[PDB]
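Under the deposited numbering, the sequence shown has 74 at position 74, and the numbering climbs by one with no breaks.
Beta carbons: idealized from backbone N, C-alpha and C, even for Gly.
Below is one structure, written out as structure tokens; the observations come after it.
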Amino acid sequence: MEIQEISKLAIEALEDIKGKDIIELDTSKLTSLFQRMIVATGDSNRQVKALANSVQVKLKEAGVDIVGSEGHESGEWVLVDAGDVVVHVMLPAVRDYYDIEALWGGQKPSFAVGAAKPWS
């Protein structure tokens, strides 16, 4: 389907498992790697991995092969690479720590809950 089509499919998928603070950034004029990026939050590895799974299962039944996933194990920061669009599902403390949204000119959602050991 169309670039912003697969995007809405990945977002809806993140919504099927109650994803928190879901956002979509247009990296179009920032890199050639991908056009649209999505960053959603999962309150627990369980939810994070479920959000990650939902995104893959949804894009597959729609005929959108996935380049591959990463970090689906620990469930702290899972990256579902879908070619021109990629989804980032990560724990609140993790999202805030790395703040990859800022990079692509995006503001990370309010946290203030605790992240003294983001590497732990």
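Where residue i falls: helix, strand or coil (DSSP)
i	result
residue 44	coil
residue 102	helix
residue 80	strand
residue 110	coil
residue 117	coil
residue 62	coil
Cα-Cα separation between residue i and residue j, rounded to whole angstroms
i	j	result
residue 5	residue 54	17 Å
residue 3	residue 83	10 Å
residue 38	residue 112	22 Å
residue 120	residue 51	22 Å
residue 23	residue 86	12 Å
residue 67	residue 115	31 Å
residue 104	residue 33	13 Å
residue 106	residue 100	8 Å
Residues that DSSP places opposite residue i in a beta bridge
i	result
residue 71	BP columns for residue 71 are empty, so no partner.
residue 89	40 and 78
Residue i Cβ short of 6 Å to the ligand SAM heavy atom set
i	result
residue 80	The model depicted lacks the ligand SAM and carries no ligand whatsoever.
Check your understanding: Can you list, in chain order, the stretches of the beta strand (DSSP E) that have 3 or more residues and sit fully within the segment 4-42?
Key -> 20-26 and 36-41
Point to revise | At least three beta-carbon pairs within less than 8 Å, the segment 8-16 to the segment 26-40 | key: yes
**Study point:** Cβ contact (3+ pairs, closer than 8 Å) linking the segment 71-78 and the segment 23-33
**Key:** no
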